[PDB]
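First up is the structure itself, then whatever we jot down about it.
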Amino acid sequence: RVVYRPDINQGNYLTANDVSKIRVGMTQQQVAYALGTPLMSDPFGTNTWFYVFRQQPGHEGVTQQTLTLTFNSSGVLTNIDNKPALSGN
Amino acid sequence: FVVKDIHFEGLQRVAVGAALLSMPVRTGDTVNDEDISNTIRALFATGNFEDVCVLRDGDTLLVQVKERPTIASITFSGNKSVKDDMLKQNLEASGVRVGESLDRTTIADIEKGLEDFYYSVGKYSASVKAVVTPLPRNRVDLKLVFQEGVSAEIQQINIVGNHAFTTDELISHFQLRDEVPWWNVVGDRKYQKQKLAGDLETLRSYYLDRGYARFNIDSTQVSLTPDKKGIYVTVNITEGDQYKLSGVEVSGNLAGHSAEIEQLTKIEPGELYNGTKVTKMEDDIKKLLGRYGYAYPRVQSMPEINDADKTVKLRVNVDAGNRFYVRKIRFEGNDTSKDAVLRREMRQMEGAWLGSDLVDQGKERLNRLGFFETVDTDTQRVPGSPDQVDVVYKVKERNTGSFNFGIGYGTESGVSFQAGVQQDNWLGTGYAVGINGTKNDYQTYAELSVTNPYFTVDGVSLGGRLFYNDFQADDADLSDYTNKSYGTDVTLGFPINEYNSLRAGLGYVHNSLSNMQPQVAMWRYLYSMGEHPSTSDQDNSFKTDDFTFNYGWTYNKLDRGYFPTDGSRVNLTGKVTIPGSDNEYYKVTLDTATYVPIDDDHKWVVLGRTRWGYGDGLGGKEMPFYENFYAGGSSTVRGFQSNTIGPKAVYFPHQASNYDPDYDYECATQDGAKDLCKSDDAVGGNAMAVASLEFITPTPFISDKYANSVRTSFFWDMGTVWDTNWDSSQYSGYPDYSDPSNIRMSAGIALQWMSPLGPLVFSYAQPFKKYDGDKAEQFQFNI
Amino acid sequence: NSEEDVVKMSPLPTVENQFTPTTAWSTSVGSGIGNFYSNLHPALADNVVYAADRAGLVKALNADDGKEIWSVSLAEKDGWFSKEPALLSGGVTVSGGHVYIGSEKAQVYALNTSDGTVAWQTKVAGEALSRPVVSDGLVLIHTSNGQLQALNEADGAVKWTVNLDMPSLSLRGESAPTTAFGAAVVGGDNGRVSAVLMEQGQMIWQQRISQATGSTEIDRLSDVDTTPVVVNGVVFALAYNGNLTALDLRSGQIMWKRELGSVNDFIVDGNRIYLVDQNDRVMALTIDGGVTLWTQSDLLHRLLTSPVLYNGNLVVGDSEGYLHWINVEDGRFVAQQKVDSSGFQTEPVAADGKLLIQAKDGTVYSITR
Amino acid sequence: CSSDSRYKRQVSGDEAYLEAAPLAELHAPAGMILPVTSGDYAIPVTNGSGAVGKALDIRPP
Amino acid sequence: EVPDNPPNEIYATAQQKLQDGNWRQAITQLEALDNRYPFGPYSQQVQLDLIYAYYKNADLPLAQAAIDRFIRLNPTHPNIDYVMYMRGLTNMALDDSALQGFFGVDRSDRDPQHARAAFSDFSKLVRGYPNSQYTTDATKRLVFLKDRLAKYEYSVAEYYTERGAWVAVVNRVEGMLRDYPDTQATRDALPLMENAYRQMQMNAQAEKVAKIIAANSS
Amino acid sequence: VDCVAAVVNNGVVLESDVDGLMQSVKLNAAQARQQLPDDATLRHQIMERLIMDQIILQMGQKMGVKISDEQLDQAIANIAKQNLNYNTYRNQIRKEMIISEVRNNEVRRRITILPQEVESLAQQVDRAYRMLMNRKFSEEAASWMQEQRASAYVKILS
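If you're matching them up, the sequences are chains E, A, B, C, D and F in order. So the number in the authors' numbering is just where the residue sits in the first sequence, counting from 1, plus 24. So the number in the authors' numbering is just where the residue sits in the second sequence, counting from 1, plus 23. So the number in the authors' numbering is just where the residue sits in the third sequence, counting from 1, plus 23. So the number in the authors' numbering is just where the residue sits in the fourth sequence, counting from 1, plus 24. So the number in the authors' numbering is just where the residue sits in the fifth sequence, counting from 1, plus 25. All the letters of the sixth sequence, read from the start, carry residue numbers 25 to 107, 123 to 164, 395 to 427 under the authors' numbering.
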């Protein structure tokens, strides 16, 4: 439209070069070294780490990149999910 | 031997068993007759005693105690340059204050400290003396006597060791003054120890940025005349030699943004090595790294020099760090205005990567609001994870409500008055409300307005305004200039970018005016409307209903919201009647205020104010006279009176018009009425132009603690009002008001102070270029 | 403005004119010392007077007439301006066929007496504020950095640069050394008298005398800025804040000290040391043990000058311009003489059966019976 | 007009805090743990046997 | 400014004025007595009288300073609990200070610093001296303070939902669950967190919040 | 019975020490034909000594300079081949050693020997160097003691 909308950024940003560094096997501390402390984390039950990199340019398409990491109840990764989002709306 | 009990004579600071907590006797053993000395040593070493005397005249231990006195009042005199406010903090810091004990060590410490301070500033013949006068029940009073002799006058500053710059050029820039001009009172010649280091650093930087690299200051002395009157400061330098920047190279754990850092680091070849340029490069590297998230980068610049070819190859080591994130944003001090009206001014969104520029820009926007005195930012890292940080804003809410009471005239009219209130921050809710009403035997008036700046959370601001001015000549509604006017206005505006706003809105107003005086301009307007009334008798009536669509633009890049110190503001407001209204006209007004600073402290400021205005009609219908502009009084050309600049109405021969009381209502009535006669009543034209230049300087009788609440200005002021339409025939024998070169002008001083009743301005104005019918006033008080 | 509350007590002495002194002549060399503290003073050589100022002017004068002979201006020709002040601050010293003058811009000039030409003009590290001392074909300068530098008499040729210490509140006016038996005795701005072997520039002994056991060391400067004087094997010295000392020349052993000290200039008669305190108390001491023979404390804070022993009278100036004549024994204002309202703060000098003084503006006077 | 209720032994604030709703803790839904067992702002269980509101005669005893 | 008098009558006139209630005049007498008689037989009574007078005079900064002064020199005394209670009362009354009671504005989202400063005090009181005569009022005020802090956090979360910053909403509501779980504000705030997950395509993370809201609907 | 003789810095001086030292040091040399002054002036003599001994003792703690017990043991072994209560004697010696040691710590640091007056003394009379060190030590110690007496609080209680 016409109304000025300030740029909005809503989560830690992860670069593909850094994404490639993470694979299955490493402990929590190495992941924290690689990407930093996840900004959003699950409080309910299983300890899963969410890395959501979301941007609103302002009167333009909202973009989102989701990285879901599941850590088993020992301190080691089990599986990852690198969704480019952009689904539906 | 055997001791039966322990008895004491100290009763104030000694507790019941805290005394026994230190002795080893325990009243249950034979005494060694020697360890008593160790006991006394320990007891006095506890630090709560002054004299200890053990007696065993009988069979018991009696400890005569002389407890340290408790200071009860603080007296000090003879001091000039050390005010009480700082002295109290200095005494309290060193652990001495009324109500606690006295230690003789702190007395010597305080004497040394104050004597050190005087030796620093320059009162070399000075010595504080602190004496304690005893008072009954074991107390003391502390007295301080100050021999502040005289500041030594620095005589000459010598820079021996220079071979490319004259001494006077160098010593000009020093904060210290070699010789003050004879016929000036610009400064002084006191020697402040801190200013010496400041000037030494200044000289170092000065030689360092014109090219000389291998430059250093060997030794600086402070000689002293053998009378403690003159201080001869001497500086020795190694001049060195010039150099060129061979090429600047960057290295380190640079983040992916290396392109912009390289572009910053580029310098045109052949330049001379400049230290301030290096600091500028480093600072801008830090800013560019901060904008992306790395808020704590380690940047180190090393000038590896080759002293054989006039070459330096700067190496810039960069270590970015980690992309910081803000965990939460907290606000402190907003004790009235609710949390929203702070969180909605932000640009650094919560839960995102720290944009080191967005925080500062948000602080600017908070400051601009106009209802925070001191706003300070503080980005503090959380003591846990490696990359998290909390941004804390500390604000101090200030008064923001303007009041206005008063009287219409001194004569006992009866329950007639004027009122007013305007709240920018009504109950902190963010709404701007304003209501005022004046009732008088002359007029009756009442208006209200309510504006919400954030009707929706983007900036879309919605506002309304109502007013009622049916004053009908409250003196009498019969054979009097009667005017009932009222209408309504609704507007809303949205921002275009961070420094702009556009507003649009509607309104309608109708005016009913009856029993008007006859004069040229009003009759011209009535002729334009399609009316052909008479002149001598005054019984005409005119009712007009106007539906105006109005618009406006607002540019506001201003460093503060209440007599700011830097920036610019432009405010355009226009209105156009829509088709279907009785009157077809359009009006345009422009306002502009620009503040330019000349000093780093932002205390001397050049203010440029200007206002322009043009209005007219459309489709052969003249613009109504009641919308004519005005000038004079405050907020305009200041010094004449409110609404007294411009055209003066020329009355037609008035006689036998309804009721004319004798000795009153003598506007133009006369049994020997001759013809049209010039008067002094101001009517206002439709062309307005005023400008003002102000020099803003600190008030010379105030401290910094109150410095931000008073402002003093020297103004040169000019302005003019004129009519776009004219009659050569009807104004042959009278001055041509259509000529815009008859410019009124004035100058004077203005005092501004923010009182609990609101902002107040006191002004003393002297006109220079005046004209007829000005009734200029020298004093002006306003709220 | 409101803070000018100085504590001082400056009285004027009783009018007592037992004999009349009169002024032989004047010259008015021009604006000279002025407000600036300095050490300029004329010196005598074969019925000639050599005078200087702070503008660079150097004048030669005759005695009994004041009739000018030659005069030059030492404006900074070598620089960009060709008119910058040269800032002559070193005392004028005549010797052989030269006149040595110091400068505060680290320059030493050697003018050539009658002809007026410059023999050589050299640069010595730091400001030169001392009397250039001539000795054994050498010139000694005490720069205001602790660097005692020696120069060849013929032309420049810095030989040695003995290093001293510089606490950072020293009072101005570094002392000029005294030469005897191959040794130069020099005071330093740190309170220690040091002897230098004057043939290569090697220290022999550095002995401390300034005992400023003050509560506030910051203002207990305790420097020595008086020329030490030698009689037989014993040399005397004066710190600023006390402890007059008489001490052996051969070693660093203190023969005896007196607590009065606190001087900037003094004279010795060979049996009775006369001196002036900080507080302008003029007293005399016995060289044998330091017994205070007599004192005169009528003045105070008059900011005197160095005493001069002329015709058995101790003559001394003051700030307001009066010249005071003191009896050789027990003190007595034998005569007062007002000779100028400009002021006195330099050193009067008298020799060869004459007396010469220089005011801040009127410059040369000769004071005679 | 007039001061507080006798302005002695009566608190300066109003008695509007007595209308505060009682605290009802969330219970755990089906087969899923809540994070609520991480508090710091605990209220120890305190009985009555005391005055309340305006009846609390504050006096240096 | 007081006549010199033996201790008994000056204390008596101070207490008489306090019975009258003229605190502006009582504090003068108490300060004079204390300053003249620093560590006398009954300095503690003077200190406590200063506390009471300062508090009822709406002189909150000096009352706070005197409380924090007295809490040290007499850590154990049959009235230390009273001092803690008045420290808490000072903080909380200092918080709710404005005209907004006249116009009825819910002070919930203003500065909470005073509220927490009072909560620490009342927590110490109810934890240390649970059998005192001030404890029930302290408990009720503790309940009110917890509700108020929860409301503040809820207000921030609601604004962030309106603005569109979802991660802020999620973090704030998670904090409200973590720290203030038994109040009513967090029950009101759970739907905000459910929506915040839903708008970010996090069905596997919003399902659990839907379950919690369904379970605690009652 | 017991009273405080003087106050220094933060420490204290006892009546016991001055009373013991008034006679305990003068009786031995009476047989060596020593004519001491009256009691009153000698009391101030001992006062001036003791007030300085204290200042040095608290100075040693200010710096934090200690002496091991082994040095005490070797010194008392020396005393065994050289010449109250036993523990009182040892407590006296413990502080006496550090009081003496601070003097030789400060003087050697603030002494300055130029290798020029040694040749003069050698030509006048390795003994010369010892004589020079002794003299310089004496003078610097006296000056240091005088300046320390100035910067410490003191009062007289008699």
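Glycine included, every Cβ here is placed at the ideal spot set by N, Cα and C.
Asked: Residues of the segment 52-68 of chain E with Cβ closer than 8 Å to any Cβ of chain C, in chain order; Found: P67, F68
Asked: Own chain residues within Cβ distance below 8 Å of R149 of chain F, not counting five before or after; Found: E409, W413
Asked: Short CB-CB distance (under 8 Å) between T151 of chain F and chain B; Found: yes
Asked: Short Cβ contact (8 Å threshold) for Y62 of chain D with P32 of chain D; Found: yes
Asked: Spatial distance of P249 of chain A from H186 of chain A (CA atoms); Found: 31 Å
Asked: Within-8 Å CB hit, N99 of chain D to chain A; Found: no
Asked: Residue from A:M325, A:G313, A:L337 with nearest C-alpha to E294 of chain A; Found: A:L337
Asked: Local conformation of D399 of chain A per DSSP, three classes; Found: strand
Asked: Option nearest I227 of chain B by Cα separation, candidates B:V339, B:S233, B:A207; Found: B:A207
Asked: Contact residues within the segment 398-413 of chain A, judged by C-beta distance below 8 Å to chain E; Found: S408, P409, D410, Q411
Asked: Local conformation of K81 of chain D per DSSP, three classes; Found: helix
Asked: Contact with chain D by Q80 of chain E, beta-carbon distance below 8 Å; Found: yes
Asked: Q415 of chain F versus F:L38, F:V89, F:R142, F:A29, residue with shortest Cα-Cα distance; Found: F:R142
Asked: Backbone secondary structure at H186 of chain A - three-state DSSP; Found: coil
Asked: N- and C-terminal bounds of the beta strand (DSSP E) containing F517 of chain A; Found: 505-517
Asked: CA nearest to the CA of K152 of chain A, picked from A:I133, A:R160, A:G145, A:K146; Found: A:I133
Asked: Three-state class that DSSP yields for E91 of chain B in the structure shown; Found: strand
Asked: Range covered by the alpha helix (DSSP H) that runs through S143 of chain A; Found: 127-144
Asked: 8 Å Cβ cutoff met for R421 of chain A and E396 of chain A; Found: yes
Asked: 4 or more residues per run - each alpha helix (DSSP H) lying fully within the segment 152-207 of chain A; Found: 190-195
Asked: The segment 163-170 of chain D contacting the segment 374-392 of chain A, beta-carbon criterion three pairs below 8 Å; Found: no
Asked: Validate contact between the segment 382-391 of chain B and the segment 356-367 of chain B using beta carbons, cut 8 Å, 3 pairs; Found: yes
Asked: Three-state secondary structure (DSSP) of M777 of chain A; Found: strand
Asked: Residue burial classification, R734 of chain A (beta-carbon count within 10 angstroms, cutoff 16); Found: buried
Asked: 3 or more residues per run - each beta strand (DSSP E) lying fully within the segment 146-230 of chain B; Found: 156-158, 161-165, 170-175, 184-186, 201-203, 206-210, 215-220
Asked: Three-state secondary structure (DSSP) of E305 of chain A; Found: helix
Asked: Identified DSSP bridge partners for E470 of chain A; Found: A:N459, A:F490
Asked: Residues in the segment 166-191 of chain A having any Cβ partner in chain B nearer than 7 Å; Found: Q170, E171, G172, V173, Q178, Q179, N181, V183, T189
Asked: Cross-chain neighbours of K128 of chain B in chain A, by beta carbon under 8 Å; Found: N181, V183
Asked: Cβ shell of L780 of chain A (< 6 Å), same chain only, five flanking positions each side left out; Found: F426
Asked: Residue range of the alpha helix (DSSP H) that includes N116 of chain D; Found: 105-120
Asked: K361 of chain A at chain D interface by Cβ criterion, 8 Å; Found: yes
Asked: Cβ contact check for the segment 26-46 of chain B and the segment 714-727 of chain A: 3 or more pairs under 8 Å; Found: no
Asked: Selection of the segment 500-519 of chain A by Cβ proximity to chain E, strictly under 9 Å; Found: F517, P518, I519
Asked: Given 8 Å, three or more beta-carbon pairs between the segment 518-527 of chain A and the segment 565-585 of chain A; Found: yes
Asked: Cβ-based neighbour list, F804 of chain A, same chain, cut-off 7 Å, excluding 5 preceding and 5 following; Found: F785
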